[PDB]
Ligand SMILES: [Cl-]
Ligand SMILES: [Cl-]
Ligand SMILES: [Cl-]
Ligand SMILES: [Cl-]
Ligand SMILES: [Cl-]
Ligand SMILES: [Cl-]
Ligand SMILES: [Cl-]
Ligand SMILES: [Cl-]
Ligand SMILES: [Cl-]
Ligand SMILES: [Cl-]
Ligand SMILES: [Cl-]
Ligand SMILES: [Cl-]
Ligand SMILES: [Cl-]
Ligand SMILES: [Cl-]
Ligand SMILES: [Cl-]
Ligand SMILES: [Cl-]
Ligand SMILES: [Cl-]
Ligand SMILES: [Cl-]
Ligand SMILES: [Cl-]
Ligand SMILES: [Cl-]
Ligand SMILES: [Cl-]
Ligand SMILES: [Cl-]
Ligand SMILES: [Cl-]
Ligand SMILES: [Cl-]
Ligand SMILES: [Cl-]
Ligand SMILES: [Cl-]
Ligand SMILES: [Cl-]
Ligand SMILES: [Cl-]
Ligand SMILES: [Cl-]
Ligand SMILES: [Cl-]
Ligand SMILES: [Cl-]
Ligand SMILES: [Cl-]
Ligand SMILES: [Cl-]
Ligand SMILES: [Cl-]
Ligand SMILES: [Cl-]
Ligand SMILES: [Cl-]
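Chains as they are written, first to last, in the deposited numbering: chain A, 1 to 86, 91 to 219; chain B, 1 to 86, 93 to 219; chain A', 1 to 86, 91 to 219; chain B', 1 to 86, 93 to 219; chain B'', 1 to 86, 93 to 219; chain A'', 1 to 86, 91 to 219. A prime marks a further copy of an entry chain.
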């Protein structure tokens with residue numbers, strides 16, 4: 001990554017063994033459960049494109065996912081090139101999409117862009133592309149559709165709501181989209197005894213109020 | 001977070017793998033037992049709003065709780081906006103800026119390291135902990151009225167259950183100290199209750215626990 | 001905690017994940033065995049009152065103990081207020101007992117007292133109160149009285165002495181008090197075959213000499 | 001390794017216990033699965049040739065692989081020597103100097119921190135990774151031609167096996183993207199193959215995986 | 001401990017959780033096996049007397065041993081006092103000051119960082135290690151005279167037991183090297199003893215172990 | 001160890017708990033398998049003689065080995081004394101063999117030699133002696149001779165080669181010595197079906213070529 005030294009300059013630092021292992025382990029244990037994405041983002045704080053490729057490439061298995069991600073990255077890189085078409093001796097060159105993705109750029113080139121004044125934040129740009137690709141994989145690999153999340157006849161309302169919002173989260177539902185699904189489905193698919201209670205609360209009931217009423 | 005480096009300057013630092021994993025593991029093992037809140041607060045020492053959202057978002061499962069929390073945050077942001085309406095100069099934070107959803111990391115650092123600081127990390131953390139406390143209370147399984155000492159239950163074990171329940175119900179510290187002379191005695195088993203009655207008013211918890219040992 | 005930076009000033013530092021987990025784990029594993037107190041003291045090196053409350057509050061369970069500790073702290077805070085009764093714009097205010105205990109003072113107020121010249125060491129004062137309370141809990145929760153520690157007919161003298169001084173330690177026995185109990189009980193409650201041997205050594209026998217003689 | 005300290009200077013640092021153990025554990029658990037190579041590269045960030053030899057030498061077992069690697073290193077050193085023939095002044099590195107067997111740590115630091123640097127650590131690492139890639143390929147157990155979707159095998163699981171095998175066989179990224187329209191369809195089971203045929207040319211992998219879900 | 005910071009100054013640092021846990025775990029797993037002493041010494045690198053008492057006091061159990069240690073410390077403190085009788095100026099340490107029971111941390115730092123230093127941490131550690139060595143010897147279960155090679159016991163295994171026992175009995179290094187020609191042969195089984203006799207005097211341990219392999 | 005500070009001076013640093021435990025654990029788990037030596041060397045980076053003795057002395061068990069190592073060290077120290085026979093107030097004294105081995109020298113004496121201009125690298129000299137002794141122990145404790153490594157009738161050629169070069173490594177075989185053993189034994193002791201294949205490749209076949217041909 002790039003970190004700040006004591007002088008106040010942004011300098012390169014090796015990716016740590018703890019960072020490397022943490023990312024490998026979370027994929028091993030959680031695959032593409034939705035909470036892996038914020039973990040990838042946090043573990044890749046300050047990452048160069050090289051560091052981002054290191055993290056992706058240290059994943060063994062899930063190679064269908066990793067190949068889909070490459071295809072998403074190539075699409076995003078192709079769009080970058082469409083909007084930013086691109091040498092003076094000793095001067096900074098403009099990055100291509102594949103430079104941002106770390107496959108045609110050197111580490112020192114990446115550092116130069118990231119620490120430039122103003123910076124070309126190739127690490128942040130690449131990370132956005134990766135997360136776009138990971139979000140498609142999370143959505144693709146969700147085992148449940150929200151329409152099939154119905155409360156069981158003896159299922160605690162709390163457990164049903166957990167499934168409902170887990171499923172919705174895997175869908176990358178906006179707050180707009182998440183609120184539409186709740187309004188359309190949450191009460192309507194609660195079990196009969198809980199459903200009558202929630203209707204009395206009205207459309208303005210908070211989730212907290214609904215969960216208290218059906219406990 | 002924003003921490004002071006070894007030279008005296010306040011600088012941004014990445015959240016560490018250790019911090020990230022500690023928070024995930026605490027929720028996995030303890031869910032929303034009350035002691036998870038002080039752990040969240042300490043693990044988020046110096047957090048920017050971005051760091052706080054990272055910690056919340058790295059939790060898998062418990063999405064009913066996480067959605068209630070989001071709703072609490074939105075209420076607090078709306079109250080912030082009600083009290084604080086809004093080249094190269096610094097903008098005032100709205101509620102969604104404090105909550106990290108409409109503000110950038112560099113903007114959050116700008117507010118936090120401003121002179122004087124706008125401590126958006128601390129403000130957001132207060133909102134989050136307000137929401138976590140409501141979750142703790144909702145997921146508290148027992149009322150203090152149903153914690154009664156079993157006929158052969160050691161008084162120490164009963165007192166442990168009583169004050170565990172009280173903490174999850176989030177009785178004030180005053181009610182915790184006051185229940186020592188009222189409800190704690192009333193729900194003791196007959197043999198110990200007779201002993202506690204003889205102690206008279208004003209017995210400390212230590213004195214009650216010694217007397218029913 | 002408060003640590004020294006490279007300039008030589010005492011500055012605040014976040015409590016570490018390793019510190020936080022170490023304290024939680026030792027209570028989980030050892031409860032109020034006597035050696036937990038020196039571990040609490042060492043893990044709270046340089047702690048602010050806020051850090052001390054964090055450590056106590058991260059304990060789940062043992063809430064009888066934690067409530068007894070609160071009562072001890074309130075007593076000590078009440079005595080502080082009795083001896084130190086207590091605003092100029094921009095100036096340091098004198099701490100109340102509840103300020104030392106971290107419930108009515110801010111972190112920046114605590115730092116100001118701790119780093120003042122001369123310091124008001126509110127962290128050290130509060131820690132003393134906590135350890136006073138923990139010592140009462142260790143003593144209360146000891147399963148054995150020293151009068152019931154007698155050497156078994158086939159028990160190795162070493163194992164008996166281990167039980168004897170474990171029990172005495174839980175009692176918070178002074179060195180004065182610890183020596184009186186040894187003189188009163190250790191030989192007198194050794195088993196007959198070992199007891200005759202130790203009497204011959206006389207009252208000046210070291211423990212080492214007694215343990216060698218009864219092996 | 002050679003890293004920049006908190007003041008801006010490039011200095012030698014001991015390889016850490018954490019780095020040492022991570023590398024040993026990765027080989028123990030994964031042997032020469034392809035993802036071990038990027039892990040070796042990152043764990044050897046900033047390595048001197050001495051550090052690289054330390055990491056290789058701390059591996060127990062797999063000595064057939066380690067001997068093949070030594071032979072690959074010797075070939076690369078010979079090609080280096082073919083292209084680069086050789093008081094108080096700095097000497098030029100031979101292949102065995104780059105590989106750390108005839109050069110001292112202080113000489114390696116001298117080359118790496120020279121202006122301009124002779125990056126013997128990076129050169130040696132390239133040779134090593136060339137040798138590790140040959141080991142990965144040799145120890146690849148299956149040909150891509152034998153990865154065929156089972157009649158009830160989920161298409162996702164088959165695609166995982168297909169691209170795992172392709173990676174171990176070290177098909178180029180072009181061949182990986184090209185096989186999506188050719189071999190991946192051909193080795194699908196009849197039911198999914200009919201679906202993929204109807205998709206027409208140009209289907210992305212995501213589109214194929216959705217279609218056979 | 002007192003350590004030098006990254007700038008060159010000797011400063012106090014808190015004992016770390018890692019150090020604290022390592023010491024507790026070593027005693028839990030190994031009790032007073034002889035190799036625990038060098039581990040205690042290294043883990044207490046730079047320790048103040050306060051740190052040394054922390055490490056000793058964090059041990060649970062083994063209180064017979066800990067009481068013997070206290071008695072040894074008191075003897076050493078008394079000998080110190082016998083040899084060293086005692093506004094804003096520095097006071098001389100008594101034995102109980104060196105042992106950390108009557109001195110404050112700031113006083114201990116004052117002595118240790120004085121010019122010239124009064125190294126109370128090192129002095130106390132010597133006393134402690136003197137006491138730990140006596141505990142190691144007392145808890146040594148076997149005499150070297152009872153370590154004899156079994157009729158089918160590999161000579162290497164017998165030599166391991168012999169020198170483990172010798173270390174716990176704390177034979178000098180001279181006696182360890184001298185026993186190679188005397189007791190080690192005498193307690194070997196008949197078949198190996200005949201071989202060792204033929205080797206003649208002056209055989210190294212390596213030569214004896216090869217000969218009885 | 002001795003590490004560089006920010007000024008650029010070589011200063012003493014305490015050996016770390018992680019270093020201490022790593023060395024103890026690798027001996028517990030691996031004994032004197034050949035790869036333990038490079039681990040000892042790496043874990044003792046920058047070590048003083050005191051640190052080297054700490055590492056050796058924290059090993060419990062294997063005391064036959066540890067005593068052999070002492071004998072090797074004493075031999076090397078005796079040779080040092082033979083080549084370097086050895091006080092001015094406040095001046096550096098020349099180290100004896102036992103000073104290099106850390107038994108007659110203080111830590112501050114060792115630091116003075118190691119950080120002198122020019123340095124007397126007593127830590128590096130001692131480490132060489134220790135590794136010489138450990139190499140003799142690795143060789144002594146190898147369970148197999150290379151002459152007994154023959155390929156099984158159903159054993160994969162890869163597994164046979166692994167055993168062959170493991171055994172050779174434990175022998176401390178040079179590259180010269182290692183190549184002579186391969187030329188003498190590797191094909192000659194391959195099983196019949198694999199042996200005919202390798203002979204056709206000729207004496208210039210790489211190992212890679214031999215392993216491909218017999219898979
Ligand atoms: Cl690390
Ligand atoms: Cl994210
Ligand atoms: Cl790769
Ligand atoms: Cl690169
Ligand atoms: Cl840009
Ligand atoms: Cl609920
Ligand atoms: Cl970390
Ligand atoms: Cl809190
Ligand atoms: Cl998220
Ligand atoms: Cl953000
Ligand atoms: Cl404000
Ligand atoms: Cl009790
Ligand atoms: Cl930590
Ligand atoms: Cl204490
Ligand atoms: Cl709390
Ligand atoms: Cl506070
Ligand atoms: Cl005061
Ligand atoms: Cl004994
Ligand atoms: Cl480390
Ligand atoms: Cl790579
Ligand atoms: Cl090696
Ligand atoms: Cl070297
Ligand atoms: Cl070059
Ligand atoms: Cl799919
Ligand atoms: Cl630590
Ligand atoms: Cl020692
Ligand atoms: Cl204690
Ligand atoms: Cl003290
Ligand atoms: Cl002195
Ligand atoms: Cl042997
Ligand atoms: Cl450490
Ligand atoms: Cl080596
Ligand atoms: Cl020792
Ligand atoms: Cl020493
Ligand atoms: Cl020399
Ligand atoms: Cl093969």
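Heads up, the beta-carbon is just placed ideally off N, CA and C, and yes, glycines get one too.
Within chain A, the residues placing a beta-carbon under 7 Å from that of residue 59 of chain B are 35, ordered along the chain. Less than 9 Å divides the Cβ of residue 26 of chain B' from the Cβ of residue 40 of chain B'.
By the C-beta criterion, the segment 39 to 53 of chain A'' is judged not to be in contact with the segment 71 to 82 of chain A'', since fewer than 3 inter-stretch pairs fall below 8 Å. Within 8 Å of the C-beta of residue 125 of chain B' there is at least one heavy atom belonging to ligand 23. DSSP links residue 2 of chain A'' through a beta bridge to A'':12.
The shortest C-alpha to C-alpha distance from residue 152 of chain A'' to any of A'':21, A'':169, A'':183, A'':136 is the one to A'':169.
Per the CB criterion, closer than 7 Å to any heavy atom of ligand 34, the qualifying residues run in chain order as A'':50, A'':106, A'':110, A'':111. Within chain B', the C-beta atoms nearer than 7 Å to that of residue 21 of chain A come from 22, in chain order.
Below the 9 Å Cβ cutoff, chain A'' contributes 68, 71, 72, 140, 141, 144 as neighbours of residue 212 of chain B'', in chain order.
It is roughly 7 Å from the alpha-carbon of residue 36 of chain B'' to the alpha-carbon of residue 30 of chain B''.
By the beta-carbon neighbour count (other beta carbons within 10 angstroms, threshold 16), residue 97 of chain B' is exposed. Residue 130 of chain A' sits in a helix when the DSSP states are folded into three classes. At a cut-off of 9 Å between C-beta atoms, residue 119 of chain B does not count as an interface residue with respect to chain A.
In this structure, residue 111 of chain B' sits near residue 12 of chain B', with a CB-CB distance shorter than 9 Å. Residue-level contact check: residue 15 of chain A'' touches chain B'', since one or more beta carbons of chain B'' fall below 9 Å from its beta carbon. Residue 83 of chain A: member of the alpha helix (DSSP H) spanning 63 to 83, first to last residue. Secondary structure of residue 112 of chain A'' (DSSP, three-state): helix. Note that the C-beta distance between residue 210 of chain B and residue 68 of chain A' is below 9 Å. In this structure the segment 171 to 185 of chain A'' touches the segment 142 to 151 of chain A''; the number of beta carbon pairs closer than 8 Å is three or more. With a threshold of 9 Å between beta carbons, residue 8 of chain A'' makes contact with chain B'. In this chain, the alpha helix (DSSP H) harbouring residue 29 of chain B covers 17 to 30. At least one CB of chain A' lies nearer than 9 Å to the CB of residue 179 of chain B. In the displayed model, residue 196 of chain A'' falls within a helix according to three-state DSSP.
Residue 53 of chain A'' belongs to the set of residues whose beta carbon lies under 9 Å from a beta carbon in chain B''. Bounds of the alpha helix (DSSP H) holding residue 170 of chain A'' are 161 to 174. When the alpha-carbon of residue 19 of chain B'' is set against those of B'':9, B'':218, B'':8, B'':55, the nearest one is in B'':55.
The shortest CA-to-CA distance from residue 74 of chain B'' to any of A':71, A':2, A':120, A':179 is the one to A':179. Neighbourhood of residue 4 of chain A' in chain B'', by CB distance below 7 Å: 11, in chain order. At a C-beta separation below 8 Å, residue 84 of chain B'' has no neighbours in chain A', since its nearest C-beta there lies roughly 22 Å away. For the pair residue 108 of chain A'' and residue 114 of chain A'', the Cα-to-Cα distance works out to about 10 Å. Distance from the C-beta of residue 178 of chain B to the nearest heavy atom of ligand 8 is not below 8 Å. Remark: the C-beta of residue 183 of chain A is outside contact range of ligand 14, defined as less than 8 Å to any heavy atom. Put simply, the CB of residue 97 of chain A'' is far from chain B', with every gap to its CB atoms at 9 Å or more.
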